[PDB]
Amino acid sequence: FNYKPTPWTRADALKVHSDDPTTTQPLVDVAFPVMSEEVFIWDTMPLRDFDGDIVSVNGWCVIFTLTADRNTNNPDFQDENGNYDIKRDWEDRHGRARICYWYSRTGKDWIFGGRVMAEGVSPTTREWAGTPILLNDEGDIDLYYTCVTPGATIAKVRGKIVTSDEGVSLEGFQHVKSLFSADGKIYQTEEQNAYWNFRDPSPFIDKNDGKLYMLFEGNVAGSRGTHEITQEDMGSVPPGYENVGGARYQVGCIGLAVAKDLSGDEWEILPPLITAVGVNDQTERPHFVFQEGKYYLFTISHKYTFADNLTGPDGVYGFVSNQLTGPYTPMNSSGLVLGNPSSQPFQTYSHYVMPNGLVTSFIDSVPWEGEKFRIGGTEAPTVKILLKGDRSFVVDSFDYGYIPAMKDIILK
């Protein structure tokens, strides 16, 4: 814990540029296909090992998704006229979230596998995002995820993957181990802020010290509205950009914890790697790419969680360091790595950067006819980026939901 968090400053955020074609997701076609007429998916968590390598098992690619039923024929989701209300159904998904798995030989055209956990296994009904880790070539998996309402608790659950020529089955995800919640000295609690953020574990091993760590989304500890914005949060802002309005209400951070040992059964919370006090309230789904001896730290954020007198698009932001604990500098100078285009600002969300440079996201809301929108709840086209020092470049795009493995694990 003998390091300082790196602020993502207001001065950095003032460089954020929407519609830079090197850092903008291609336009989603409003005629996109949907991967299921029975379920919505959104946050997508590819099966990975402790370095971030996407792994297939016996030639089967696997993804875990936040999932909810499409309530097409459910009277509870009809409007006053008795017509299915897709917008109300979709916007209610967070309260219905369950983790499901899908499989494919090809990394696309996903086959639905169903629930990871039987209903009742999760301490909370809501199963919010995290990371599935393939532990070994016997097929053992720890799904790290977030138990939400009551509270917000990082948890994990052990099970097994089994394969055949037909597909993949998950078994034995029966015992959820609660690992930790917000502490109130480093990370903000529900007591301090009814709207606190605490979620989205991403475990990794650092080969430099051999230890097991995890990233998560947090907020900087303190009673809502009381945070002091410091010069270090401001950065070198230009003349006329001193007015921060309500910026003390934006207190996002990328948290870090370290495990007592490689079992990951016991955790010590550490100071955050990145703080965004006075800049953005939500640094969601933090994740690493380890490339060319550097630590590329990515996080997803919203236009509407920026502080007053700052803005940027929905998308993935990022930072790079030579050392796990920093100091970090922002990717592309501003932090923006892949932003939605201004003509379709909500087209996708939950942009997840994999070490092969592929970026997956789910389709949210695309402009349709006049002032109307079409809802996705299905995978967006995969984008390829290159990382070159502290810059990134969009170079290609692929099919809807293309999430191939980087390597294949032969089960013993």
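For every residue, the number given is its place in the sequence shown, counted from 1.
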#### Entry: Stretch with the greater mean C-alpha B-factor as recorded in the entry, comparing 158 to 166 against 203 to 211
158 to 166
### Message
Averaging CA B factors per stretch from the PDB record, which one is higher: 99 to 107 or 281 to 289?
### Response
99 to 107
## Note on the structure
Comparing C-alpha B-factors across 327, 184, 132, 123 in this entry, the winner is 184
### Query
Based on the PDB record, which member of 198, 195, 128, 296 exhibits the highest Cα temperature factor?
195
### Summary
So, residue 372's CA B-factor, relative to its chain, sits in which third? The highest
### Query
Among the chain's modelled residues, which third holds the C-alpha B-factor of residue 398?
highest
### Message
Using only modelled residues of the chain, where does the Cα B factor of residue 232 rank: lowest third, middle third or highest third?
### Response
middle
### Message
Quick check for you: using the entry's CA B-factors within this chain, is residue 356 in the lowest, middle or highest third?
### Response
lowest
## Note on the structure
Of the three thirds of the chain ranked by Cα temperature factor, residue 190 occupies the middle
